[PDB]
Structures are given as structure tokens and as C-alpha cells.
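These notes are about the structure you will find just below.
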Number of protein chains: 2
Amino acid sequence: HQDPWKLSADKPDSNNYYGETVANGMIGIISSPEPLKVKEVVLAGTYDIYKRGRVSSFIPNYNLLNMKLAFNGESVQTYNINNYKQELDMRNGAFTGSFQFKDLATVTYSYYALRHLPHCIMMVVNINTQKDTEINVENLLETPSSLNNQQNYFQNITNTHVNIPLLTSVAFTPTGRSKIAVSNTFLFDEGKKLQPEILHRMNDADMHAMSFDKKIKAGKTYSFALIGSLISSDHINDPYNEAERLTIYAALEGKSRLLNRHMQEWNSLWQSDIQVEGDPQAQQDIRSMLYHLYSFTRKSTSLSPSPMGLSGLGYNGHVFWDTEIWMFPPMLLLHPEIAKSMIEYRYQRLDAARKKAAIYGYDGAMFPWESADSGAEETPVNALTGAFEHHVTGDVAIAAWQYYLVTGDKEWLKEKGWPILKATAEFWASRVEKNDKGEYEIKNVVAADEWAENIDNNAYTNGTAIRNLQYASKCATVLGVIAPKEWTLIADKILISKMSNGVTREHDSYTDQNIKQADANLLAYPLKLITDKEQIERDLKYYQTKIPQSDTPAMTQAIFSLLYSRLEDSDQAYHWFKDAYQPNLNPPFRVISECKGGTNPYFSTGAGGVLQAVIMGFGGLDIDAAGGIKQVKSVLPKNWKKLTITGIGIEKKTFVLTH
Amino acid sequence: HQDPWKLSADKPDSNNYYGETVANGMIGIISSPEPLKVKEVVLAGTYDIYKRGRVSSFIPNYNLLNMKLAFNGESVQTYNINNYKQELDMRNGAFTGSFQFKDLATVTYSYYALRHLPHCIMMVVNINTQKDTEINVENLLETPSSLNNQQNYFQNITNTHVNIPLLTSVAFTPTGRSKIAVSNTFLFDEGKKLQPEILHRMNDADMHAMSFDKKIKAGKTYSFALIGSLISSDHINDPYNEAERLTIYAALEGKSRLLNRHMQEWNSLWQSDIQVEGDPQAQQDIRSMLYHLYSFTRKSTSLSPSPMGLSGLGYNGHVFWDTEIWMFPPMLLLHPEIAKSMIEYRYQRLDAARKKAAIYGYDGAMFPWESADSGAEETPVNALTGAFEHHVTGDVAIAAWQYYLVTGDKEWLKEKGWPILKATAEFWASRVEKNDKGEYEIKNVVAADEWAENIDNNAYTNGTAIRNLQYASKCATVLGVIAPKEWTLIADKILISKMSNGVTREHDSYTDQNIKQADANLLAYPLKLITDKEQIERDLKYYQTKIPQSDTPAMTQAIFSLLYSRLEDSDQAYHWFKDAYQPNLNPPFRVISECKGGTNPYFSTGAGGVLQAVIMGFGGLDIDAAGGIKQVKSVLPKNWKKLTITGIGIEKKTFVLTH
Ligand SMILES: OC[C@H]1O[C@@H](O)[C@H](O)[C@@H](O)[C@@H]1O
Ligand SMILES: OC[C@H]1O[C@@H](O)[C@H](O)[C@@H](O)[C@@H]1O
Ligand SMILES: OC[C@H]1O[C@@H](O)[C@H](O)[C@@H](O)[C@@H]1O
Ligand SMILES: OC[C@H]1O[C@@H](O)[C@H](O)[C@@H](O)[C@@H]1O
Ligand SMILES: OC[C@H]1O[C@@H](O)[C@H](O)[C@@H](O)[C@@H]1O
Ligand SMILES: OC[C@H]1O[C@@H](O)[C@H](O)[C@@H](O)[C@@H]1O
Ligand SMILES: OC[C@H]1O[C@@H](O)[C@H](O)[C@@H](O)[C@@H]1O
Ligand SMILES: OC[C@H]1O[C@@H](O)[C@H](O)[C@@H](O)[C@@H]1O
């Protein structure tokens with residue numbers, strides 16, 4: 001179970017099973033332990049009021065691949081199959097199930113969230129019979145309880161060459177905000193004259209199905225595909241017609257052309273890769289982390305991932321600083337075009353951030369703690385983070401400036417980076433309060449350590465304000481535009497306090513409280529406001545035991561690992577690397593939960609942080625303040641013989657590290 | 001019946017009658033054989049799901065001019081009038097009916113889609129008595145079956161000088177997408193104190209009416225006008241109040257000022273004209289073609305015509321390459337501001353084209369096969385053209401570049417042309433596939449010859465991709481930008497293949513199939529990729545007999561005519577000119593149907609192609625690759641003594657051709 005490209009599960013156990021995801025940045029499909037079923041389907045960009053939080057949410061969508069297979073009238077059941085296995089191929093995001101039905105036949109099924117077609121899915125089914133048999137195949141479109149006012153359609157699209165039978169459903173999100181359309185077809189090898197007749201049943205209010213029978217003779221393979229398209233009014237004004245049009249398009253492209261394009265785009269993604277010699281379990285784990293970030297993002301878009309990407313409804317699908325600080329940096333180094341989509345999300349929501357600032361009495365752009373379709377605040381009102389956790393505005397500015405440092409794209413800086421940096425700096429200039437001593441305070445926030453609520457001069461928040469004001473001033477200089485001199489005057493005098501032991505104080509009321517997650521240590525990395533190695537170490541020594549084992553998210557130990565790598569402490573760096581994610585794993589595919597012993601995978605945020613510990617920590621790679629990627633001193637884990645990182649920066653550099 | 005400015009019908013025969021249209025580019029009114037009625041009214045820019053195709057459509061609207069006239073209680077009908085005539089004056093788009101009622105009176109009515117007021121219509125009624133009579137006049141607002149949830153209102157707008165009685169209806173398109181308002185008034189010469197009292201009746205669910213009586217002594221003229229405004233929520237947020245405001249405005253402007261402004265704008269349109277000496281029928285036919293293009297377009301807008309303009313619901317009012325390649329070129333030469341509106345339509349919809357490209361797995365802008373309000377794909381899903389007929393993207397690029405070549409407007413090129421040319425070139429660069437020989441293919445399209453479906457390397461499609469990439473590269477140079485070198489490398493190696501006889505092969509599976517319409521011949525004109533006169537002729541010889549007589553649209557023979565004019569073959573040029581439209585005519589006004597012997601006028605696309613045969617063929621006028629309009633060698637039909645074309649290019653040049 002240490003294949004560097006594949007995650008395998010023998011005999012899935014429904015009593016202890018956390019499904020894996022295939023996704024193309026638009027649709028996520030989460031696996032079921034049951035053969036020929038999927039557990040959950042999530043469509044990006046589609047939000048409505050639904051369950052948690054009384055705010056916008058991702059919606060469970062049509063389980064569009066659900067299929068029933070029968071041999072001579074006997075349905076495939078977990079109790080009448082053997083040699084049942086599931087495999088995720090991380091090289092192409094293929095999820096494959098395989099089993100033997102009694103003594104009769106072997107079945108394999110592989111499904112894909114097509115990498116080049118954001119709204120299209122395909123499953124290919126192969127049946128090898130040891131005896132003459134007849135299969136009955138049914139594809140079910142069950143309207144999930146999350147949707148309402150469904151309609152169930154079926155028709156034949158014909159010409160002299162084809163009969164494309166379309167199984168289509170159209171339904172609405174809870175408040176009617178979004179119309180969803182799904183359209184499925186069966187694609188056969190044998191041609192219009194020889195293909196099986198497709199029957200349509202509409203027996204339930206919330207389910208219809210299409211079906212066929214096929215005779216297969218002993219020693220023969222029969223293979224067919226199910227193609228589906230899933231799209232909403234958030235993506236296209238006419239999703240009903242666009243879903244049918246897409247499935248017709250995909251059917252006439254054919255299985256070979258679809259899979260070739262899918263494979264080409266996955267091959268391109270894996271040109272940026274991390275290779276570890278001496279630790280096959282670490283190699284597999286790091287490939288899973290890259291696989292999830294690549295699956296949960298999309299170049300050449302304005303999409304940004306939620307903390308759980310497309311693995312489910314984690315945090316309602318909202319966008320947080322989890323993108324800017326946790327998932328964005330590794331993607332900026334490996335695939336700047338993915339980072340460009342993440343910051344495009346924020347650029348296209350700058351007007352909503354300006355509206356939030358004005359509603360809360362500030363200038364400029366105040367990005368929300370949680371973002372969804374509009375870019376307005378989406379945080380549940382019972383969570384004080386929505387009203388008071390203000391560092392997200394500085395986190396967006398830091399990612400925008402980093403995008404420019406790595407790419408050197410001055411046209412992007414003029415058109416998109418500067419609008420963001422100028423407006424966010426204007427926010428901080430309005431948010432600070434000057435005291436009698438001439439110092440600038442940021443009073444009454446929720447800290448990055450969210451257990452500290454309604455406190456003053458949070459280390460991380462104040463640091464993000466300092467960096468936002470400095471980076472906006474630097475940006476103005478690059479573009480030849482005059483910045484307010486007040487931005488530098490404020491940045492230079494924002495309070496960062498030390499306790500009597502010389503340790504950075506997390507906030508004005510802080511002595512020795514347990515903390516939820518890294519806060520003061522974030523001034524060392526990522527902010528690099530603390531560079532003195534003795535100060536980095538004294539802050540690590542004080543705070544590293546302040547994070548409890550229980551109910552603390554994977555947004556801490558990866559930073560500890562990275563800082564200890566930068567201090568050239570191999571034992572502590574590797575200790576914190578393992579602690580960052582191994583206590584958070586779920587079987588049978590080692591998906592990552594938010595907290596230690598948690599059961600809510602997949603926490604993409606956690607993977608992003610650990611990828612920083614590998615690339616920026618063990619690899620020593622750094623976003624240079626002057627521009628480009630540089631390498632600083634680092635150490636490898638004792639047991640790692642070689643670390644190779646490919647596709648880094650706009651020059652696509654390879655870095656090799658050894659002992 | 002060969003008046004060069006007027007189309008006349010004596011005794012309209014309802015068993016064999018195709019109405020003529022008056023339009024201002026916003027409202028079209030199609031004539032009825034019945035006196036004082038109209039058959040159909042169409043409003044541009046208003047689309048909803050309705051009948052054909054299960055996609056957006058134009059909607060039949062209020063027949064707002066419908067009137068009932070009675071003389072001494074006797075209802076005027078087809079059956080009890082004599083000397084009944086209808087006439088379209090193409091000089092000012094006036095449709096006039098005239099008849100005698102027994103021994104009592106002569107009636108004339110003229111209606112207009114006011115050229116300067118997009119949402120306003122007027123009809124003027126004149127009654128000239130031979131005996132004492134009393135008239136009853138009723139104007140009916142019948143909600144058509146295409147609309148729902150109507151409300152029927154009536155009120156008096158008064159001051160010391162006027163009583164403006166308003167007959168208003170408000171209703172909704174089938175899905176509720178669009179609110180329509182119509183508001184009518186009667187305008188009287190005699191003033192407030194003496195004008196007839198207006199009654200209002202609401203006797204039906206779907207009809208209300210306003211009416212009056214008037215005594216007219218023998219040997220007197222009594223005239224009045226009906227003014228109506230028709231507008232939707234697609235045009236204005238509050239159509240109900242805007243319709244009443246417009247009708248009040250028009251009533252207080254008055255008939256003389258309205259008709260004077262109408263006349264001035266029509267006079268300006270006819271400053272660009274085509275005069276033929278020696279063929280009165282050709283002179284009238286070509287005037288009708290110009291009249292329809294002028295009626296179905298509007299300068300200073302983002303409107304683009306459907307293949308049937310505002311003559312009805314042909315092709316659901318969708319915009320196709322029928323604009324860019326067929327109606328756009330003659331308008332660009334005669335009235336560049338009309339062509340500007342046509343390409344503005346596409347510029348405004350560039351973001352929807354980018355969204356289509358991303359949904360179908362391509363880069364840049366992929367214009368839809370059929371466009372309506374949003375710019376998303378609107379093609380019925382059972383038509384494979386929507387998914388696979390890709391040349392439309394190159395057709396939009398070619399029109400954008402031609403607009404710049406004719407006008408030399410570098411400001412327009414920077415703001416609008418280049419956005420289009422850059423995005424459409426990015427699409428083609430992503431659409432091609434390089435083969436082992438280093439050639440570029442465009443695989444699996446529907447050809448311009450739409451009878452060839454899901455074939456490879458269509459001649460016309462590949463030619464449009466070549467031109468799009470070349471023109472985008474030239475555009476970059478005008479603006480001092482370095483185009484991606486890949487655009488030229490791809491353009492120079494896109495496959496255009498010949499068969500063994502040296503004839504341009506229509507597609508990779510083509511031998512000798514019948515074809516729907518011009519495809520390979522379009523490489524000679526309009527693309528001018530084929531300039532060698534022997535190659536042009538070889539291609540004409542092979543393909544000219546491949547277009548069947550039946551069910552083939554008017555998108556072929558005008559090209560044949562133009563190419564034979566350019567080859568200086570007068571007999572063949574004139575043969576194909578006549579064949580292009582004379583077999584497609586419908587009585588009694590010689591309107592043009594789509595196909596030979598068809599009954600679906602008015603096919604504005606057909607008129608556009610024929611006008612190119614006249615201007616670019618017989619007139620030899622050509623868009624110079626280096627900029628401006630040039631004249632190449634041409635011939636006239638034997639029987640044409642002189643061809644005069646006025647208002648050509650930004651210099652408004654007159655060209656005279658003789659034998
Ligand atoms: O249907 C898709 C297929 O279309 C054919 O016309 C092309 O030659 C194939 O390469 C392509 O895979
Ligand atoms: O992952 C979403 C959020 O989860 C919370 O547990 C953390 O305290 C936040 O920093 C994070 O943004
Ligand atoms: O979604 C509401 C809140 O949930 C809490 O569990 C997280 O710690 C906050 O970051 C979040 O804003
Ligand atoms: O420690 C986990 C807890 O952290 C708090 O910051 C959040 O507000 C809670 O929603 C969460 O359950
Ligand atoms: O109502 C329109 C009329 O208004 C008068 O005030 C003007 O003198 C006329 O020129 C005009 O035609
Ligand atoms: O006029 C609309 C469409 O009609 C079809 O008959 C032709 O094949 C197309 O070229 C044309 O765009
Ligand atoms: O409107 C659907 C289709 O109708 C067909 O008759 C035309 O040939 C196509 O160009 C069009 O896309
Ligand atoms: O020849 C006319 C036929 O041409 C085909 O290309 C279209 O798809 C049909 O809708 C049309 O009736």
C-alpha cells in the first residue's frame with residue numbers, strides 16, 4: 001500500500017470508510033464503499049441557504065454515476081461479489097472499482113472528472129464473462145433531498161449515424177437561487193444498429209432511470225461508458241439546454257478523444273512534482289497532498305478552493321485565508337497559473353470588499369472572513385470571526401504582492417495587484433488608531449488564534465497590516481504612482497510587543513493561555529517580520545506546547561516544521577512534519593481530517609501547509625522580497641536520501657537536496 | 001409593377017399572400033391582407049422560451065395597429081370594399097392601404113415604424129367622403145397567445161390644452177422573463193374641445209379597445225392618427241411607465257414633427273444607393289434588398305439582425321454568421337455605422353464567448369453558433385451545429401478586422417477589435433491539433449456545408465481559422481504589440497487539401513457528395529485565400545452542380561455570381577445572380593424565402609449575399625488587405641446599361657460602371 005502514484009483499498013469496510021475524491025476544480029465526486037455508486041457530488045460556484053450556519057452553502061448534488069448491474073436478473077451486492085478492490089490513480093484522477101461476480105464475470109469501472117471539460121464526468125465499465133450471461137444495466141438519477149421542484153426527462157437525439165439517449169433532470173436549490181441541470185448518456189462501441197434499446201422508468205417522484213439488457217458470450221469483454229454533464233444557472237443562463245448540449249458534444253467526441261485530453265491535462269499538472277527517496281510512505285502522502293490541491297483548483301479561472309476543496313460541504317464551500325496563506329503559496333511556486341486563479345477570485349470580488357468596508361465604517365476594501373459567490377461576508381452570525389477577524393484583508397494583499405514577486409508580471413500588477421493593494425492599504429490606514437505615544441494600534445479583533453476574541457494588537461493581525469501597508473507602498477513605487485506617505489508612517493509604528501522573557505506577545509491580554517493554532521510564530525513564517533534566529537527559536541519554545549492535542553486544526557505544526565528546517569534542526573523539523581498530518585488521517589486512503597483524530601476529510605488547507613513544510617522548509621525555497629524564488633539553508637529528515645522538486649517558478653527550475 | 005421605389009399589390013389574395021415588413025431595427029410590423037390590420041409585430045432584443053427549438057426566441061407581440069372601421073354601423077371587411085390596394089414605399093418605409101367603401105368614402109391608411117424613435121409606431125388614417133356618413137373607429141389591443149398575465153388599462157392624460165386617452169396593456173413572455181408594455185393614443189387635428197369622446201371597453205380576458213364616433217359631411221376629408229409605443233424590461237427597467245411616457249411624448253411632438261424626423265433619417269439611409277439602368281425589375285429588386293437591410297439594422301446600437309431580421313420568428317431571432325459574412329459586408333461599404341452596431345453586438349458578448357470556450361475545453365473566446373440576449377449558445381440541442389459548427393468564431397474575427405480595414409479607426413481597434421481578435425485567435429490556437437507531419441488539423445466539426453457532420457479539416461472552417469490567426473497578428477502590429485509567434489506558425493500550416501483533379505477538397509471524407517451550400521468556394525470569396533483564377537474556376541466547375549434545387553438556402557449562388565464577375569464572365573455571373581433569389585420570391589411584394597420555392601420570408605441573409613454579388617461582383621468593389629475600398633476588374637449583365645453605387649467607404653465615393 002506504498003505505491004507512489006496509487007491509493008488502494010481491499011474490500012472497502014462501510015463501518016470505517018472515508019471516500020476519496022476525483023475532481024477537475026469544478027465537480028468533485030466522493031467515493032462510496034458500495035460498488036458502482038458514488039457517495040456525494042459537489043459543484044463549485046453553486047451556493048444557497050442550506051443547513052449549517054444559516055448562510056450560503058455548497059449543496060449535495062446529483063449522484064449522477066449511480067448504476068445497478070444485474071447478471072441474469074441477480075443484482076450485484078456486497079454479499080455476492082469477491083476480490084472487491086478500489087484504487088485512486090493520482091497520475092490521472094481515475095477512481096477504479098473491480099470485483100468478481102460469483103464464478104460468472106469480472107467487472108472493472110473507472111470514473112473521471114474530465115480535466116479539460118469542467119462540467120463533464122465519464123465512467124467506463126468493462127465486463128469479462130467466464131460463462132454466457134445477460135447483463136441488465138440501470139443508471140439512476142435520484143434528486144437529492146437538497147434540491148426541489150425537479151423534473152425528469154428522457155429523449156433520443158438522432159441522425160443517420162447515432163442514437164444518443166439522454167437521461168436529464170432539472171431541479172432547484174432550496175430558496176430557488178440556482179437551477180441545476182444534469183444530463184447522462186450511454187456510449188456504446190457497437191454502433192447505432194447494434195446498440196441495446198434504452199428504456200426509461202419514472203416510478204418515483206425523486207428518481208428516474210434508463211436501462212438496457214446485453215447478452216455477452218463466454219470469454220468475451222463488453223465495455224460501455226456513462227457520460228454525464230452537471231451545470232447550474234451560476235455557470236450558464238440556460239443550464240437545461242447546456243447540459244444536454246454538453247453530453248451530446250462529449251458523446252460525439254467519444255471515449256478515446258475525451259480520455260486523451262484528460263490525460264494530457266493531468267500530465268501537464270504533474271510536470272511540477274515532489275520526489276522523495278528513502279521514504280515510500282512520505283512519497284505517497286506528498287503525492288496525495290499535490291493530487292488534492294491539483295484536483296481542487298483550476299488554471300485560467302476565478303475559482304478559489306474552500307478548506308475542504310470539492311471533497312464535500314466542509315465550511316459550506318466558503319473561501320477563507322486558507323487559500324491565501326495555506327493553499328496559495330505551494331501552488332504559486334509549482335503552477336503560478338493556479339495561484340493566478342486564486343487571486344483572480346479576490347480581484348473580481350474587490351467591489352464587495354469595498355461595500356463591506358463602508359458598511360463597517362472603514363475605507364478601502366475589507367475582504368470578508370468567509371466568501372462565496374458575491375464576495376460579501378458569508379460567515380455564520382453566531383461566529384464572531386465574521387465581524388471581528390480582520391487579518392483576512394492583509395492575507396489577500398500578501399498573496400497579491402507574492403503573485404507579482406514570483407511572476408514579475410507588471411501588467412498584472414497595474415491591472416489587478418495594485419487595485420487590491422491600494423484598497424486594502426486604505427482599509428488598514430482607516431482601521432488603526434494612533435495612541436498618545438504615537439504608536440498605531442488595531443483594537444478589538446479576533447486573533448488568528450481564534451480562541452482569543454475581542455482583544456487588542458494581535459501579533460498576526462498587526463503583522464499582516466504592516467505587510468499590507470509596506471507591499472502597497474512598494475507596489476506604488478514599481479508602477480510610478482504616488483502612495484500616501486501615511487502608509488509607511490503607520491507600518492513603521494504598528495505595535496508588536498514582547499513579554500518579559502523576550503517572547504512575541506500574541507495579544508495585549510496574552511500571558512500563557514492555550515492557543516488554537518499558530519499566530520505569533522506566523523510573524524517568522526510566512527510574514528518574515530521576525531528574521532532573528534534567536535527570536536524565532538524563543539517564540540517556538542514558548543508557543544509550541546500551547547496548542548492542545550484535541551480540536552485544533554492542521555494550521556500550526558507545518559509552520560513549526562518549516563521554521564525548524566530553516567533553523568537546520570532535522571529532528572524537530574521531521575517531528576513536526578509527521579505531527580502536522582499523520583494524526584489526522586482517515587482510512588482506507590489516508591485522507592486528511594481538520595483536527596487530530598477528526599472524521600471530516602479532506603482538509604485541503606492542511607495539505608497546503610504541509611506542502612509549504614516540504615517545499616519552503618525541507619527544500620529551503622523562498623519568495624525573495626526583491627523578486628523571484630531563492631533557496632535558503634535547510635535540512636532533510638534523517639531517513640530522506642534525496643528530495644527533488646520540479647517545475648519551480650516561471651523558469652520551471654528543478655531543486656535537488658541531499659544530506 | 002416596376003416602380004423603382006414602390007412595391008404594389010392590387011386586391012390582396014389571403015390564399016396566396018406574404019406580408020411586407022416596416023421596421024426601424026427595433027420593431028418590425030408585418031402586413032396583413034386584411035384592411036387596417038397587421039399580421040405580426042416583433043420586438044428586437046426580447047427573447048424567451050417559446051415553441052421552436054426549446055431555446056430562447058422572439059415572441060409574437062401586440063398587433064397594436066389593429067383597427068375596426070364602420071360606416072353608418074356597417075363593418076369594413078375584405079368582402080365589402082373595392083379598388084383595394086396595398087403599397088410599400090421603400091423611400092420612407094411607409095406601408096399604405098387604400099380602398100373604396102360602397103358609395104360613402106375612400107379610405108387611405110399609412111403606417112410607419114418611426115425611424116428616429118425605436119419604440120414608437122404611427123398610423124395615419126384619411127377618410128374622403130362621397131356622401132354624409134358616420135364612422136365608428138375602434139383600436140384593439142389583443143394580448144397574443146404568446147403572452148400571459150395581461151392587464152388592460154385606460155386613462156386620460158389632461159391639461160388645459162390636451163386630453164390624451166391612453167390604451168395600455170402590460171403582459172409577460174411565457175416564462176415571465178420579460179414584461180412587455182404597449183400604450184396607444186388617438187391624435188386629432190381638431191383639438192381638445194372638438195375631438196371625439198373616447199370610450200373604453202374591456203369585454204374579453206385578452207382584448208380591450210378604445211373607440212369613437214365621428215359624423216363627416218359629404219365631400220369632406222377627416223384624418224386622425226394612431227400612435228403606439230411598445231417596449232419591454234429587456235429595454236428599460238419600468239416598461240409600463242416608459243410606454244405611457246413615450247406615447248404622451250409622441251402625441252405632444254405631433255404627427256408633422258414625427259414624420260419629418262422619420263423622413264430625414266430615411267433620406268440619410270438612401271444617400272447610399274444602387275441605381276441600375278436598363279433593367280427596371282433588377283432596380284426594384286435591389287432596392288427591396290437595401291430597404292430590408294436598412295429596416296432590419298440600426299446605427300449607434302449593439303443590435304444585430306437574425307437571418308429573417310424583424311420579418312417574423314425565423315430561426316428564433318438568433319444571430320448567426322449570417323450577420324458577419326452575409327449582411328455585414330454590404331452594410332460596411334454603404335453605412336459603416338450599421339456594420340459598427342453589428343460588430344458591437346459581438347464585442348458586448350465577448351465574455352459569454354469566453355465562458356463558452358471554457359465550458360467546451362478551449363482558450364480565448366468561442367462565439368456561439370446561435371446568439372441572443374446573453375451571447376451564450378442558443379442553438380437547439382438536436383442541431384449538432386450548436387456543439388460542432390465552430391467557424392462562427394473565425395467569422396466574427398474576419399468582420400472585426402474588415403471593420404478596421406474600411407474605417408481605419410485605430411481607437412476602435414485598440415478598445416474593441418483587438419479584444420475580439422486576440423481572444424478568437426487564442427481559441428483557434430487551442431482548437432488545432434498538430435499531426436506527425438507538423439501540419440495543424442481542426443478535427444470533428446460540422447462544415448459550412450452543414451450536410452457534412454462530424455468530419456475533419458473542413459475547407460471553410462480551416463480557412464476562417466487561418467484568417468483569424470493572420471488578422472489577429474496584423475492587428476497586434478498596428479497596436480505595437482508582439483503577437484504570439486505560434487499564431488503565424490499555426491496559420492501557415494493549417495491543412496487545406498486538394499483532390500486528384502486539383503479541386504479544393506471540402507473535408508477529409510469528401511469525394512463527390514451533394515453539398516448544402518458554398519463551402520470550398522468561400523475560400524475564393526470572401527476569404528480570398530484562393531486568388532489563382534484557374535484554381536477559382538476549377539473549384540466553381542466541380543462544386544457549382546453539387547447544390548441541389550430543393551431545401552438549399554440562399555447562401556451559394558450570390559458567391560458564384562460574384563466569382564464569375566471577378567473572372568469577367570458576364571453570362572455566368574448574371575445566370576447565378578438571378579438564380580440566387582428569383583426562384584425564392586413570394587407574392588405579392590417579391591419578398592425572399594430561404595430556399596427555392598420556400599414560404600418563410602424574409603431571408604435577409606439572402607439579400608445580403610445578393611447585394612455582395614452586385615457591389616463586390618458587378619461593381620468590383622473590394623476590401624483592400626492594406627486598408628480602404630479598392631475596385632478590381634468586373635463585368636455587368638449584358639442588359640445593364642449602367643450600374644451606379646453611391647456612399648461607398650468613409651470618403652462616400654460614387655462608382656459608375658458601363659460596358
Ligand atoms: O469523434 C472524434 C473523432 O472525429 C474524427 O473525425 C477524427 O478523425 C478523430 O481523430 C476524432 O477522435
Ligand atoms: O479552515 C477554516 C477555518 O477553520 C478554523 O478552525 C481556523 O481557526 C481558521 O483559521 C480557518 O480559517
Ligand atoms: O464558519 C463559522 C466559523 O466556524 C468556526 O469553527 C471557525 O473556527 C471560524 O473560522 C468560522 O468562521
Ligand atoms: O477548537 C475548535 C473550536 O474552535 C473555535 O475557535 C470555533 O469557534 C469552534 O467552532 C470550534 O469548535
Ligand atoms: O409640438 C412640436 C412643435 O412644438 C412647437 O413648440 C415648435 O415650434 C414646432 O416646431 C414643433 O413642431
Ligand atoms: O440562416 C441560418 C442558418 O441556416 C442554415 O440553413 C445554413 O446552413 C446556415 O449556414 C445558416 O447560418
Ligand atoms: O436552429 C437549429 C439549426 O437549424 C438548422 O435548420 C440550421 O441548418 C442550423 O444552422 C441551425 O443551427
Ligand atoms: O436542407 C435543409 C436541412 O439542412 C440541414 O442541414 C438542417 O439540419 C435541417 O434542419 C434542414 O431541414
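Letters go in sequence order (proteins before strands), and every chain restarts at 1. Any value given below was found using the heavy atoms of this structure, including those in side chains, with hydrogens, waters and symmetry copies removed. In listed order, ligands and their atoms are each counted from 1.
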Dump the intermediate steps for side chain to side chain contact (heavy atoms under 4.5 Å, CB included) on A:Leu293 and A:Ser604, then the final yes or no. CA-CA 7 Å; A:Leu293 271 66; A:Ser604 199; 3.6 Å; yes
With ring pair (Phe, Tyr, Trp, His ring centres under 6.0 Å) as the test, would you mind laying out the steps for B:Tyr510 and B:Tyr543 before giving the verdict? CA-CA 12 Å; B:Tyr510 189 78; B:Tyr543 288 110; 5.5 Å; yes
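Applying the side-chain hydrogen bond (donor to acceptor under 3.5 Å, both in side chains) test between B:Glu594 and each of B:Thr599, B:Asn584, B:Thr552, B:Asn600 identifies B:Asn600 as the sole match.
B:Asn586 pairs by the side chain to side chain donor-acceptor pair (under 3.5 Å) definition with B:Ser593, not counting sequence neighbours. In terms of the side-chain contact (heavy atoms from CB on, under 4.5 Å) criterion, residue partners of B:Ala580 (sequence neighbours excluded) are, by chain and number, B:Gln557, B:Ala558, B:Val610.
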Which atom pairs, nitrogen or oxygen on both sides, join ligand 7 and the protein at under 3.5 angstrom?
from: ligand 7; atom 1: 1 (O); to: B:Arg52; atom 2: NH2; distance (Å): 2.8
from: ligand 7; atom 1: 1 (O); to: B:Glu370; atom 2: OE2; distance (Å): 2.7
from: ligand 7; atom 1: 8 (O); to: B:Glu450; atom 2: OE1; distance (Å): 2.5
from: ligand 7; atom 1: 8 (O); to: B:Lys516; atom 2: NZ; distance (Å): 2.9
from: ligand 7; atom 1: 10 (O); to: B:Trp369; atom 2: NE1; distance (Å): 3.1
from: ligand 7; atom 1: 10 (O); to: B:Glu450; atom 2: OE1; distance (Å): 3.3
from: ligand 7; atom 1: 10 (O); to: B:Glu450; atom 2: OE2; distance (Å): 2.7
from: ligand 7; atom 1: 12 (O); to: B:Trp369; atom 2: NE1; distance (Å): 3.1
from: ligand 7; atom 1: 12 (O); to: B:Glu370; atom 2: OE2; distance (Å): 2.7
from: ligand 7; atom 1: 12 (O); to: B:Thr385; atom 2: OG1; distance (Å): 2.8

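Sorted by first and then second residue, the pairs that involve residues 313-328 of chain A and meet salt bridge (charged side-chain N to carboxylate O under 4.0 Å, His left out), not counting sequence neighbours, are A:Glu324-A:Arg346.
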